[PDB]
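Everything on this sheet refers to the single structure shown next.
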Amino acid sequence: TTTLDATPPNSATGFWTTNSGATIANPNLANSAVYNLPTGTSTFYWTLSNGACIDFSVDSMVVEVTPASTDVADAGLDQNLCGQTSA
Amino acid sequence: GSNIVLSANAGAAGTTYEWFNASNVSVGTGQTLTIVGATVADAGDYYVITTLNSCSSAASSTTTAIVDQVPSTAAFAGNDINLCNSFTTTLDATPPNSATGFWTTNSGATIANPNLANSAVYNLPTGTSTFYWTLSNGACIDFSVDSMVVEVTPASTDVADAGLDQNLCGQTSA
């Protein structure tokens, strides 16, 4: 779960599209929420347009999801050496 | 996708009814005008002309059709709520861009204000219950939904109660 971040336009209306199942709660906002997020990466697109001037300009942003690992740091035990310079 | 249905009052026997669009063009005839599979372009002003024996009367009062669009915003609720010894909380849904939200509940939970994405909830059973966020706009009823849960665990009565310190002599285990 995350949010998007696009720069609002000065004189136009923005719009988001998604890939690989991600869901945008509000595709019309530069700061909308996204709840469906696959693992790995997906590309979100910001398409800017004004009135009849449809699909005027685009940009690409990506969201990367890495699941928590199950391994934890697990170091060995302390040792006690006599006369060694290596271990 | 729904039909627009407008209907004129009955007149004299033999009356012919003609319906006109906002743009002053014909859209069909008869007492009842049905526009099937209506779209947003069919929204707006309509008027009726009454015709008898080659005479026509003044146009009717203008009425309007309203065709609601299905919005692009999906329903979306926030993440799970997990409470320790509490039966009172608040909800968290993301407000829609161009629609109106609504909450429903299960298992007795009470929402103080079902119309708000951030309303309070005071009746909360123990265990879990599912709250639903249903998003709709105008006539486009029950358009999109999402599921959020609230988990309530009552305080336990057991407290950490460790044994007493010990004192061993020559042991490697205890």
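By convention here, the chains of the structure tokens are called A, B, ... in the order presented, each chain's residues are numbered starting at 1, and ligands are numbered starting at 1 in the order presented.
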Requested in this report: Write down as a PyMOL selection string the residues belonging to range 27-172 of chain B that are assigned strand (DSSP E) by DSSP computed on the backbone.
Outcome: chain B and resi 27-29+32-35+44-52+55-56+63-65+81-84+89-90+103-104+120-121+127-137+140-153
Query - Residues within 8 Å of range 58-62 of chain A, only C-alpha atoms, excluding chain neighbours under 5 positions, as a ChimeraX atom specification - result: /A:41-48
Query raised in the report: Quick one: residues within 8 Å of residue 21 in chain A, only C-alpha atoms counted, chain neighbours fewer than 3 positions away excluded, as a PyMOL selection string?
Result: chain A and resi 18+36-38
Residues from last step as file, N, CA, C and O atoms, as a PDB file, in the first residue's frame:
ATOM      1  N   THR A  18      -2.359   2.342 -14.663  1.00  0.00           N
ATOM      2  CA  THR A  18      -1.514   1.344 -14.007  1.00  0.00           C
ATOM      3  C   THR A  18      -1.296   0.101 -14.832  1.00  0.00           C
ATOM      4  O   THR A  18      -1.955  -0.144 -15.838  1.00  0.00           O
ATOM      5  N   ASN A  36      -3.646  -2.026  -4.322  1.00  0.00           N
ATOM      6  CA  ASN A  36      -3.191  -3.301  -4.882  1.00  0.00           C
ATOM      7  C   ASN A  36      -1.787  -3.092  -5.412  1.00  0.00           C
ATOM      8  O   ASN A  36      -1.571  -2.285  -6.310  1.00  0.00           O
ATOM      9  N   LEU A  37      -0.823  -3.801  -4.839  1.00  0.00           N
ATOM     10  CA  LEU A  37       0.554  -3.691  -5.299  1.00  0.00           C
ATOM     11  C   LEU A  37       1.191  -5.066  -5.365  1.00  0.00           C
ATOM     12  O   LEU A  37       1.392  -5.712  -4.336  1.00  0.00           O
ATOM     13  N   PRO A  38       1.518  -5.517  -6.581  1.00  0.00           N
ATOM     14  CA  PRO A  38       2.154  -6.824  -6.733  1.00  0.00           C
ATOM     15  C   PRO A  38       3.552  -6.753  -6.156  1.00  0.00           C
ATOM     16  O   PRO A  38       4.058  -5.667  -5.941  1.00  0.00           O
TER      17      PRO A  38
END
Return the neighbours of chain B among the residues of chain A, cut-off 9 Å, counting only C-alpha atoms, as an mmCIF file with N, CA, C and O atoms, in the first residue's frame.
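For reference, out-v2.cif as written:
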data_model
loop_
_atom_site.group_PDB
_atom_site.id
_atom_site.type_symbol
_atom_site.label_atom_id
_atom_site.label_comp_id
_atom_site.auth_asym_id
_atom_site.auth_seq_id
_atom_site.Cartn_x
_atom_site.Cartn_y
_atom_site.Cartn_z
ATOM 1 N N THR A 1 0.842 -1.185 0.000
ATOM 2 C CA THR A 1 0.000 0.000 0.000
ATOM 3 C C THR A 1 0.877 1.234 0.000
ATOM 4 O O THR A 1 1.810 1.334 0.793
ATOM 5 N N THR A 23 -3.983 -0.878 -8.152
ATOM 6 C CA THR A 23 -5.248 -0.153 -8.157
ATOM 7 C C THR A 23 -5.117 1.265 -7.638
ATOM 8 O O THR A 23 -4.671 1.475 -6.510
ATOM 9 N N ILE A 24 -5.574 2.242 -8.407
ATOM 10 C CA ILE A 24 -5.515 3.612 -7.937
ATOM 11 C C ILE A 24 -6.877 4.043 -7.458
ATOM 12 O O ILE A 24 -7.851 3.988 -8.200
ATOM 13 N N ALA A 25 -6.927 4.491 -6.213
ATOM 14 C CA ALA A 25 -8.174 4.880 -5.574
ATOM 15 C C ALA A 25 -8.812 6.060 -6.256
ATOM 16 O O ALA A 25 -10.037 6.165 -6.332
ATOM 17 N N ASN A 26 -7.959 6.962 -6.749
ATOM 18 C CA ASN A 26 -8.389 8.176 -7.421
ATOM 19 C C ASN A 26 -7.498 8.559 -8.573
ATOM 20 O O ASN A 26 -6.669 9.404 -8.436
ATOM 21 N N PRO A 27 -7.720 8.055 -9.738
ATOM 22 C CA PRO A 27 -6.852 8.283 -10.883
ATOM 23 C C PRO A 27 -6.736 9.713 -11.293
ATOM 24 O O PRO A 27 -5.902 10.033 -12.145
ATOM 25 N N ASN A 28 -7.554 10.589 -10.773
ATOM 26 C CA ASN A 28 -7.466 11.964 -11.212
ATOM 27 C C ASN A 28 -6.567 12.814 -10.335
ATOM 28 O O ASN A 28 -6.432 14.009 -10.587
ATOM 29 N N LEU A 29 -5.944 12.254 -9.316
ATOM 30 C CA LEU A 29 -5.140 13.090 -8.444
ATOM 31 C C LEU A 29 -3.657 12.738 -8.434
ATOM 32 O O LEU A 29 -3.256 11.579 -8.317
ATOM 33 N N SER A 32 -2.878 10.580 -5.227
ATOM 34 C CA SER A 32 -3.826 9.553 -4.826
ATOM 35 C C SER A 32 -3.168 8.315 -4.247
ATOM 36 O O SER A 32 -1.969 8.115 -4.362
ATOM 37 N N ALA A 33 -3.987 7.486 -3.597
ATOM 38 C CA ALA A 33 -3.560 6.259 -2.932
ATOM 39 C C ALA A 33 -3.552 5.052 -3.857
ATOM 40 O O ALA A 33 -4.372 4.945 -4.762
ATOM 41 N N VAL A 34 -2.671 4.091 -3.594
ATOM 42 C CA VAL A 34 -2.666 2.850 -4.378
ATOM 43 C C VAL A 34 -2.615 1.653 -3.434
ATOM 44 O O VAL A 34 -1.665 1.520 -2.661
ATOM 45 N N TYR A 35 -3.622 0.782 -3.481
ATOM 46 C CA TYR A 35 -3.667 -0.334 -2.522
ATOM 47 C C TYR A 35 -3.278 -1.709 -3.085
ATOM 48 O O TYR A 35 -2.655 -2.497 -2.375
#
Requested in this report: Find the residues around residue 41 in chain B up to 12 Å (only C-alpha atoms counted), leave out those fewer than 4 positions away in its own chain, and share them as number ranges by chain.
Outcome: B: 1, 4, 21-23, 35, 37, 45, 65-69
Those residues with N, CA, C and O atoms, as an mmCIF file, in the first residue's frame please?
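And here is the file that came out, selection-v9.cif:
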data_model
loop_
_atom_site.group_PDB
_atom_site.id
_atom_site.type_symbol
_atom_site.label_atom_id
_atom_site.label_comp_id
_atom_site.auth_asym_id
_atom_site.auth_seq_id
_atom_site.Cartn_x
_atom_site.Cartn_y
_atom_site.Cartn_z
ATOM 1 N N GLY B 1 -26.514 3.976 -19.752
ATOM 2 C CA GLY B 1 -26.920 2.659 -20.202
ATOM 3 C C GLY B 1 -28.375 2.399 -19.911
ATOM 4 O O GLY B 1 -28.975 1.484 -20.485
ATOM 5 N N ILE B 4 -34.013 6.807 -20.787
ATOM 6 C CA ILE B 4 -34.625 8.063 -20.345
ATOM 7 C C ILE B 4 -36.072 7.963 -20.678
ATOM 8 O O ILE B 4 -36.405 7.740 -21.838
ATOM 9 N N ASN B 21 -35.216 17.815 -29.030
ATOM 10 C CA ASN B 21 -34.010 17.849 -28.223
ATOM 11 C C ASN B 21 -33.639 19.279 -27.862
ATOM 12 O O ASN B 21 -34.239 20.239 -28.324
ATOM 13 N N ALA B 22 -32.570 19.407 -27.095
ATOM 14 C CA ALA B 22 -32.045 20.693 -26.663
ATOM 15 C C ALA B 22 -31.627 21.545 -27.832
ATOM 16 O O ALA B 22 -31.594 22.774 -27.739
ATOM 17 N N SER B 23 -31.283 20.891 -28.925
ATOM 18 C CA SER B 23 -30.792 21.476 -30.157
ATOM 19 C C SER B 23 -31.899 21.718 -31.172
ATOM 20 O O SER B 23 -31.615 22.031 -32.325
ATOM 21 N N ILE B 35 -35.630 6.991 -24.661
ATOM 22 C CA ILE B 35 -34.325 6.986 -25.278
ATOM 23 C C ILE B 35 -33.602 5.800 -24.694
ATOM 24 O O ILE B 35 -33.301 5.771 -23.498
ATOM 25 N N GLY B 37 -30.743 3.100 -23.895
ATOM 26 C CA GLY B 37 -29.294 3.028 -23.795
ATOM 27 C C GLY B 37 -28.724 4.417 -23.776
ATOM 28 O O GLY B 37 -27.721 4.701 -24.439
ATOM 29 N N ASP B 45 -31.935 19.489 -22.060
ATOM 30 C CA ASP B 45 -33.287 19.964 -22.343
ATOM 31 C C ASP B 45 -34.089 19.153 -23.361
ATOM 32 O O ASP B 45 -33.609 18.851 -24.453
ATOM 33 N N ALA B 65 -33.032 15.827 -18.947
ATOM 34 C CA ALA B 65 -32.598 14.486 -18.626
ATOM 35 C C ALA B 65 -31.273 14.575 -17.891
ATOM 36 O O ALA B 65 -30.463 15.459 -18.156
ATOM 37 N N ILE B 66 -31.047 13.667 -16.957
ATOM 38 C CA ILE B 66 -29.794 13.646 -16.226
ATOM 39 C C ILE B 66 -29.142 12.305 -16.445
ATOM 40 O O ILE B 66 -29.665 11.293 -15.996
ATOM 41 N N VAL B 67 -27.989 12.256 -17.071
ATOM 42 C CA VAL B 67 -27.388 10.949 -17.235
ATOM 43 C C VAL B 67 -26.081 10.934 -16.485
ATOM 44 O O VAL B 67 -25.155 11.670 -16.828
ATOM 45 N N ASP B 68 -26.009 10.099 -15.462
ATOM 46 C CA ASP B 68 -24.827 10.050 -14.633
ATOM 47 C C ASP B 68 -23.783 9.131 -15.229
ATOM 48 O O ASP B 68 -24.093 8.095 -15.815
ATOM 49 N N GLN B 69 -22.537 9.531 -15.097
ATOM 50 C CA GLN B 69 -21.457 8.704 -15.576
ATOM 51 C C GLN B 69 -20.964 7.837 -14.465
ATOM 52 O O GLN B 69 -20.980 8.218 -13.302
#
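Rounded to one decimal, CA of residue 64 in chain B and CA of residue 26 in chain B lie 15.2 Å from each other.
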**Report entry** Which residue of A:40, A:30, A:54, A:64 approaches residue 6 in chain A most closely, using only C-alpha atoms
**Finding:** A:30
Residues within 12 Å of residue 58 in chain B, only C-alpha atoms, excluding chain neighbours under 6 positions, as an mmCIF file with C-alpha atoms, in the first residue's frame:
data_model
loop_
_atom_site.group_PDB
_atom_site.id
_atom_site.type_symbol
_atom_site.label_atom_id
_atom_site.label_comp_id
_atom_site.auth_asym_id
_atom_site.auth_seq_id
_atom_site.Cartn_x
_atom_site.Cartn_y
_atom_site.Cartn_z
ATOM 1 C CA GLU B 18 -43.516 15.178 -31.239
ATOM 2 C CA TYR B 47 -39.635 19.810 -25.084
ATOM 3 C CA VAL B 48 -42.961 18.628 -26.491
ATOM 4 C CA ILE B 49 -45.004 19.922 -29.439
ATOM 5 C CA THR B 50 -48.712 19.062 -29.602
ATOM 6 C CA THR B 51 -50.148 18.614 -33.120
#
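With only C-alpha atoms as the atoms that count, the minimum distance from residue 84 in chain B to the choices B:154, B:11, B:108, B:101 is reached by B:154.
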